[PDB]
Amino acid sequence: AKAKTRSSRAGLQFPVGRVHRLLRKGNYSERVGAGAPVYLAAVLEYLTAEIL
DNA sequence: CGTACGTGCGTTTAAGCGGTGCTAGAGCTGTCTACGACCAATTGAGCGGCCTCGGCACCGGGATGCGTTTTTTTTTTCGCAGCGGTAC
Ligand SMILES: [Cl-]
Ligand SMILES: [K+]
Ligand SMILES: [K+]
C-alpha cells in the first residue's frame, strides 16, 4: 500500500520515474532496463549540480 | 638582409611481399532465467492560480583611478665662446 518514489530509492532529486517514461515514449528502444532511468537521472542531477 | 628550406646524389633502412605455422577469439547454436512489458487500481507528486516583500535596476552625487595635454624638470648630448696650463 505505501509507495516510495524510485528517485528516493536511489537518493536522487531527479525523477527516475519521468526519465523511465520519457525513454519508453522517446522511441529510443523497444525495451528499457529498470536501472537505466536511475543511471540517467543520476548523471543528469550530477551535471545539473556541477554547473549550479 | 639573413637564413631556412628545396633539390639531388649518395648511404642506411626496413617496408613490402608471399608464404608458412599456431591459436585467440568471433560469432553461431540451443537451453532456461531473469527481467521487463502489460494491466489494473490506487495514490500523492507536480502543475497552474493567487498573493507578498526583497533583490535588483535605477538614479543622482561624490570618489578613485586612468588618459590626455602640456608644463617643469632631469638627464643626456652637442656646439660656441670662454677658460688655465703649454711653449717659447
Ligand atoms: Cl537496467
Ligand atoms: K575470428
Ligand atoms: K536473463
# chains A, B, ... in the order shown; residues from 1 in each chain; ligands from 1
call {"tool": "closest_atom_pairs", "arguments": {"of": "chain B", "to": "ligand 2", "cutoff": "12 Å", "atoms": "only C-alpha atoms (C1' of nucleotides) and all ligand atoms", "output": "Markdown table"}}
result
| residue | atom | partner | partner_atom_place_in_ligand_line | distance |
| --- | --- | --- | --- | --- |
| B:23 | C1' | ligand 2 | 1 (K) | 10.5 |
| B:24 | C1' | ligand 2 | 1 (K) | 8.0 |
| B:25 | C1' | ligand 2 | 1 (K) | 5.4 |
| B:26 | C1' | ligand 2 | 1 (K) | 4.1 |
| B:27 | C1' | ligand 2 | 1 (K) | 7.8 |
call {"tool": "residues_around", "arguments": {"residues": "residue 11 (chain A)", "least_positions_apart": "4", "cutoff": "10 Å", "atoms": "only C-alpha atoms (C1' of nucleotides)", "output": "VMD selection string"}}
result
chain A and resid 5 to 7 38 42
call {"tool": "write_last_selection", "arguments": {"atoms": "N, CA, C and O atoms", "output": "PDB file, in the first residue's frame"}}
result
ATOM      1  N   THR A   5       8.808   6.634  -3.840  1.00  0.00           N
ATOM      2  CA  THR A   5       9.173   7.081  -5.216  1.00  0.00           C
ATOM      3  C   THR A   5      10.616   6.690  -5.536  1.00  0.00           C
ATOM      4  O   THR A   5      11.521   7.200  -4.872  1.00  0.00           O
ATOM      5  N   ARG A   6      10.804   5.879  -6.572  1.00  0.00           N
ATOM      6  CA  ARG A   6      12.108   5.326  -7.015  1.00  0.00           C
ATOM      7  C   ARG A   6      13.242   6.332  -6.811  1.00  0.00           C
ATOM      8  O   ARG A   6      14.318   5.915  -6.332  1.00  0.00           O
ATOM      9  N   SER A   7      13.035   7.594  -7.188  1.00  0.00           N
ATOM     10  CA  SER A   7      14.028   8.685  -7.013  1.00  0.00           C
ATOM     11  C   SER A   7      14.597   8.633  -5.587  1.00  0.00           C
ATOM     12  O   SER A   7      15.843   8.715  -5.442  1.00  0.00           O
ATOM     13  N   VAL A  38      17.292   5.338 -13.509  1.00  0.00           N
ATOM     14  CA  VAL A  38      18.152   5.620 -12.323  1.00  0.00           C
ATOM     15  C   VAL A  38      19.486   6.168 -12.844  1.00  0.00           C
ATOM     16  O   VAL A  38      19.754   7.369 -12.645  1.00  0.00           O
ATOM     17  N   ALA A  42      20.495  10.111 -12.404  1.00  0.00           N
ATOM     18  CA  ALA A  42      21.758  10.280 -11.651  1.00  0.00           C
ATOM     19  C   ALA A  42      22.698  11.228 -12.404  1.00  0.00           C
ATOM     20  O   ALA A  42      22.962  12.352 -11.919  1.00  0.00           O
TER      21      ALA A  42
END
call {"tool": "residues_near_ligand", "arguments": {"ligand": "ligand 3", "cutoff": "8 Å", "atoms": "only C-alpha atoms (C1' of nucleotides) and all ligand atoms", "output": "PyMOL selection string"}}
result
chain B and resi 33-35
call {"tool": "write_last_selection", "arguments": {"atoms": "C-alpha atoms (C1' of nucleotides)", "output": "PDB file, in the first residue's frame"}}
result
ATOM      1  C1'  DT B  33      16.266 -17.303 -16.397  1.00  0.00           C
ATOM      2  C1'  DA B  34      15.661 -13.375 -15.119  1.00  0.00           C
ATOM      3  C1'  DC B  35      13.918  -9.339 -16.267  1.00  0.00           C
TER       4       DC B  35
END
call {"tool": "residues_near_ligand", "arguments": {"ligand": "ligand 1", "cutoff": "6 Å", "atoms": "only C-alpha atoms (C1' of nucleotides) and all ligand atoms", "output": "ChimeraX atom specification"}}
result
/A:33-36
call {"tool": "write_last_selection", "arguments": {"atoms": "N, CA and C atoms", "output": "short mmCIF file (atom, residue, chain, number, x, y, z; two decimals), in the first residue's frame"}}
result
data_model
loop_
_atom_site.label_atom_id
_atom_site.label_comp_id
_atom_site.auth_asym_id
_atom_site.auth_seq_id
_atom_site.Cartn_x
_atom_site.Cartn_y
_atom_site.Cartn_z
N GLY A 33 15.70 -1.48 -19.67
CA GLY A 33 16.06 -1.96 -18.31
C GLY A 33 15.54 -1.00 -17.23
N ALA A 34 15.53 -1.39 -15.95
CA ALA A 34 14.93 -0.59 -14.85
C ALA A 34 16.00 0.21 -14.09
N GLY A 35 17.27 -0.20 -14.20
CA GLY A 35 18.44 0.57 -13.74
C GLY A 35 18.71 1.79 -14.62
N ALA A 36 18.52 1.66 -15.93
CA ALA A 36 18.81 2.71 -16.94
C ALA A 36 18.30 4.08 -16.46
#
call {"tool": "residues_around", "arguments": {"residues": "residue 41 (chain A)", "least_positions_apart": "4", "cutoff": "7 Å", "atoms": "only C-alpha atoms (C1' of nucleotides)", "output": "PyMOL selection string"}}
result
chain A and resi 14-16+19+37+45
call {"tool": "write_last_selection", "arguments": {"atoms": "N, CA and C atoms", "output": "tab-separated table (two decimals), in the first residue's frame"}}
result
chain	number	residue	atom	x	y	z
A	14	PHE	N	16.37	13.97	-9.00
A	14	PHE	CA	15.88	13.90	-10.40
A	14	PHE	C	14.90	12.73	-10.52
A	15	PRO	N	13.75	12.93	-11.22
A	15	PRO	CA	12.65	11.95	-11.21
A	15	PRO	C	12.93	10.73	-12.10
A	16	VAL	N	13.42	9.65	-11.49
A	16	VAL	CA	13.79	8.37	-12.16
A	16	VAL	C	12.56	7.81	-12.86
A	19	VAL	N	11.96	10.00	-16.13
A	19	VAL	CA	13.05	9.54	-17.05
A	19	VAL	C	12.65	8.21	-17.71
A	37	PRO	N	17.00	4.25	-16.13
A	37	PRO	CA	16.49	5.59	-15.81
A	37	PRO	C	17.21	6.13	-14.58
A	45	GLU	N	21.08	14.86	-12.79
A	45	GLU	CA	21.30	15.52	-11.48
A	45	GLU	C	22.76	16.00	-11.43
call {"tool": "closest_atom_pairs", "arguments": {"of": "chain A", "to": "chain B", "cutoff": "9 Å", "atoms": "only C-alpha atoms (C1' of nucleotides)", "output": "CSV"}}
result
residue,atom,partner,partner_atom,distance
A:1,CA,B:42,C1',8.3
A:2,CA,B:43,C1',9.0
A:3,CA,B:43,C1',8.1
A:31,CA,B:36,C1',7.2
A:32,CA,B:36,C1',7.7
A:33,CA,B:36,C1',6.9
A:34,CA,B:36,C1',7.9
call {"tool": "select_by_dssp", "arguments": {"residues": "chain A", "states": "helix (DSSP H, G or I)", "output": "mmCIF file with C-alpha atoms, in the first residue's frame"}}
result
data_model
loop_
_atom_site.group_PDB
_atom_site.id
_atom_site.type_symbol
_atom_site.label_atom_id
_atom_site.label_comp_id
_atom_site.auth_asym_id
_atom_site.auth_seq_id
_atom_site.Cartn_x
_atom_site.Cartn_y
_atom_site.Cartn_z
ATOM 1 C CA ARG A 6 12.108 5.326 -7.015
ATOM 2 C CA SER A 7 14.028 8.685 -7.013
ATOM 3 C CA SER A 8 14.055 8.226 -3.159
ATOM 4 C CA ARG A 9 15.256 4.547 -3.510
ATOM 5 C CA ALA A 10 18.305 5.959 -5.456
ATOM 6 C CA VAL A 16 13.791 8.366 -12.158
ATOM 7 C CA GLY A 17 10.081 7.731 -12.942
ATOM 8 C CA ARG A 18 9.652 10.569 -15.515
ATOM 9 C CA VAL A 19 13.049 9.544 -17.046
ATOM 10 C CA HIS A 20 11.760 5.882 -17.477
ATOM 11 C CA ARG A 21 8.548 7.126 -19.223
ATOM 12 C CA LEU A 22 10.353 9.736 -21.441
ATOM 13 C CA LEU A 23 12.725 6.895 -22.586
ATOM 14 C CA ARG A 24 9.933 4.343 -23.453
ATOM 15 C CA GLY A 35 18.439 0.570 -13.741
ATOM 16 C CA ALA A 36 18.810 2.711 -16.936
ATOM 17 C CA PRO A 37 16.486 5.587 -15.812
ATOM 18 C CA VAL A 38 18.152 5.620 -12.323
ATOM 19 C CA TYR A 39 21.634 5.689 -14.009
ATOM 20 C CA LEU A 40 20.432 8.521 -16.302
ATOM 21 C CA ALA A 41 18.523 10.744 -13.714
ATOM 22 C CA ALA A 42 21.758 10.280 -11.651
ATOM 23 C CA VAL A 43 24.088 11.546 -14.447
ATOM 24 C CA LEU A 44 21.501 14.328 -15.147
ATOM 25 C CA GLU A 45 21.305 15.523 -11.483
ATOM 26 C CA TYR A 46 25.171 15.353 -11.332
ATOM 27 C CA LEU A 47 25.896 17.670 -14.349
ATOM 28 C CA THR A 48 22.993 19.897 -13.113
ATOM 29 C CA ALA A 49 24.903 20.391 -9.773
ATOM 30 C CA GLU A 50 28.339 20.638 -11.495
ATOM 31 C CA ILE A 51 27.004 23.729 -13.427
#
call {"tool": "atom_distance", "arguments": {"atom1": "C1' of residue 38 (chain B)", "atom2": "CA of residue 30 (chain A)"}}
result
13.5 Å
call {"tool": "atom_distance", "arguments": {"atom1": "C1' of residue 58 (chain B)", "atom2": "CA of residue 52 (chain A)"}}
result
28.4 Å
